[PDB]
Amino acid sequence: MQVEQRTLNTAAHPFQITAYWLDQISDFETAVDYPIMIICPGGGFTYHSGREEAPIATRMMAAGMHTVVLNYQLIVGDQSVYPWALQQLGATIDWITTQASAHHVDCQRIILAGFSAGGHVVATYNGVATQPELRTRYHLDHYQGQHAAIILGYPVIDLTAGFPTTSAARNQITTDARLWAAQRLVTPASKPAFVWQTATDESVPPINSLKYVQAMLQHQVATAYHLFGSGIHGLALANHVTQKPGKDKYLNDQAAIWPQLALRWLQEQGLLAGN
C-alpha cells in the first residue's frame, strides 16, 4: 500500500488530494485492475472532517479498491464553494485516468462518495457531469474520465431545505441558485446512487436525501436508499472507530451496517468483483 499526498493544479482553484493506492499482490500470476473511490468529507463547507476521511477510506480499501480523498473548495477566505468544487471533482477523475497504468485502476469503476456537506458536491456533480450542456457551463471541457456510481451518506441536497440556516450562509456557499438544489439537476443520464441517512438527523433534515432519491426514481435511475430509524448527524462509520471519545451519540449499531450494504450494492451494479 502506498500513500500519496499531492496538490492538483489543473483547475482554477488548485486543491490537495490524499490517495491511498492498493499494491499488486505479490503471489498473483496475473495483475488485476482495482476500482477507485473518491471521498468528499463533510465539514459544513468550512473544513474537512477527518472522521469522514481515512476511517471510511480504509474501510473501502479493505474491500479491494483504491481510494482518493478530495479537499474540495471551502468558504474559508471570502471564497465560494461553487463552481470551483465541480471543476475539482472533474480534475481528480481526469488525474486518476492518467494514473491508471502506474497503479492498476479500473476506469470503468470510478465511484464518488459524499458525506454531509461533501454530499452536495457529489450529488450536484452527478447531475452536472452527465449533462453536456452543464459540462460546458461549469467548465468541465476536456477532462477525461467519468464516474460510474455515487454514494451519499447523510447528504446535504437542497440548500433551501434546512441546511444551512440563513439566506446569507446559503449564498456564501454559492450565489448560483441553479446549484442550490441537487435533486432538480437529476436526469436519466445521472449515474446510480446509494443513499443513506438517519431519520432523526436534525442539522441536515432527512427530507434532503429523500427528495434526491425521489428524483432518481422519477427519472428511472437505479438507486438504493437506507433511512435508519435513529442516530444523530455525522455518524460516519457509526462505530468505535469514528466515535468521539466519551460521546455515545456517535454509536449506532444498526446504521453501522451501511458499508456492508454499500459494498454489496456495488457488486450488484457490477462495480466491484463479487464473491
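The first residue of the shown sequence is 1; numbering continues from there.
Mean CA B-factor, 129 to 137 versus 89 to 97: the higher value falls on 129 to 137. Higher mean CA temperature factor between 207 to 215 and 240 to 248: 240 to 248, per the PDB entry.
In the PDB entry, the Cα temperature factor peaks, among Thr18, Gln254, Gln260, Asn9, at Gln254.
Sort the modelled residues of the chain by CA B factor and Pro55 lands in the lowest third. Per-chain ranking of the deposited C-alpha B factor places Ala168 in the highest third. In the PDB entry, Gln79 places in the highest third of its chain by CA B-factor. In the deposited entry, the Cα temperature factor of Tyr225 places it in the lowest third of its chain's modelled residues. In the deposited entry, the Cα temperature factor of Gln183 places it in the middle third of its chain's modelled residues.
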